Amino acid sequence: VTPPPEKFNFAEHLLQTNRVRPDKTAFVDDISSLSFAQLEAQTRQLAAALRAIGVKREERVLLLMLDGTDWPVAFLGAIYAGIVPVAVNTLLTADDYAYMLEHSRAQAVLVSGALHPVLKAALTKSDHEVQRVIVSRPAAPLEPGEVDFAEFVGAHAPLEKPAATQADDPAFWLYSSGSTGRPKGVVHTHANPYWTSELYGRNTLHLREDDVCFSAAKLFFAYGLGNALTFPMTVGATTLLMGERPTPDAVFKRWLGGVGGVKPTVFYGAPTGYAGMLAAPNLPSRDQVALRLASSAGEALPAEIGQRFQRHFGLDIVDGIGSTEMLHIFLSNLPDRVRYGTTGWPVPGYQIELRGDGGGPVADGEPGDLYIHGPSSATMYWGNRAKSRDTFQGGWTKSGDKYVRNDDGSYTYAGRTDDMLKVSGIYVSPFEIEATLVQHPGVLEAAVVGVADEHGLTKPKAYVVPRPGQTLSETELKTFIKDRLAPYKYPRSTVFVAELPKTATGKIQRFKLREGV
């Protein structure tokens, strides 16, 4: 792969690539479609609109939007203007967005109408710098000063040239969270999505122009931003976008061509979703679908899920690991070489190391902490120098995973070096769940650990000590939390216990709980 040039604007690079196919569909969702030519026009009009309201080069805008054809207009339009979109999870609380507005110093917000209520609460409570709120597909009347996305874009002539950015300039941020503390702003450059799209989208997956891409992972996840924006636009594939929560039925509807007259050829999602599909009574047959490739990431793929999928569809599931810090996948199975129970082999272009307890070498078959060296790594966590130093070794990125290298050069997942749990392939901190539980007046103490379900997928499990002299049923506790946590964070089971195993300092011995004590 040839490196990008030093003067490089990634949005211009994706528009230029598709000038050969102006009338092909670039994106289609449940109510709209853009051709490459329409996407270019709207992208450049939005770039002009952001500049016309005073947002300058290098400044941030918050992009809080459901998957749909306006999302890549917003993302690429900011980048074309050399403004930095901060693309965020759509399932967070007002308090999380308030933090993001302050931390990013976002100067504008591009928000889906269905997300406007949570955004409103974030704006009201924060010391933010937002100059304009631009609403895509409003779901209630606009407040004074707010502008509808379609009119904001339509009111401005297309910007004539992109910002003259450098390849190593910041282009966008994503946020990721650890087991405590606020979300961390992961800063990516213009070159980083070129590298992931060339080294993985093109050179590993072999995506091509005639593909129809469909990602159950949304565009704000680093996995989905590659799958359903940067990879397809790099090869001129058409992309199906879906705003609603991915369920088996919603996904099957699109597999069978129920939206936009298109059947996906490339599907993308978490192992939890593939298990949910394989359990569904109305799983389509082979002859009803056009899939040629199935990608998975976010959590380890249990071998039995890959094997059942291959037996049903005659397609393997290609499991690769990526992170928000590395932007996309750097260690993966290949479309034509899958070994289930491993994450495959290093993606050419990326170097992988396993380190022991002092940074030293680890013999094959022994676990070591995983470190990555490659060209798409983030530059830092914005405004967090300590956490940055810890993760950005020195050209090496620490992943927070342990791995074992096998005799054939493949790597087998061996768990995290922290307490985080990927449930449904999405981060869940057990300590957040514990903090929610102990605010119930009938709970005295709680401890949450990961436990493998019957499919070998990790789910949280809660051990709860009730407060003597209060009542507390399992049903009452399920109601308390349904209300306060996202569904993927719900404990699979709660066990009421008389006491928890502790050190003399009172530290809970969470390892004893995973050992089944």
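C-alpha atoms forming the largest set that superposes within 1.5 Å between two forms make up the rigid core. We number the residues from 1 along the sequence you see.
Between stretches 421-429 and 317-325, the one whose Cα atoms sit farther from the displayed model in 5 other deposited structures of this protein on average is 421-429 (core-aligned, root mean square).
Comparing the deposited coordinates for 42-50 and 477-485, the stretch with the larger average C-alpha B-factor is 477-485. Legend: mean Cα B-factor per stretch from the PDB entry, 15-23 versus 498-506; the higher mean is in 498-506.
The entry lists C-alpha B-factors for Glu102, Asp390, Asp210, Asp336, and the highest of these is at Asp390. Of the candidates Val111, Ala237, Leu76, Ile426, the deposited coordinates give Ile426 the top C-alpha B factor. In the deposited entry, the Cα temperature factor of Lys253 sits in the middle third of values across the chain's modelled residues.
When the modelled residues of the chain are ordered by their C-alpha B factor, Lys402 lands in the middle third.
Ranked by Cα temperature factor within the chain, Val153 sits in the highest third according to the deposited record.
Among all modelled residues in this chain, the alpha-carbon of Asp70 has a temperature factor (C-alpha) in the lowest third. Sort the chain's modelled residues by C-alpha temperature factor and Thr436 lands in the middle third, per the entry.
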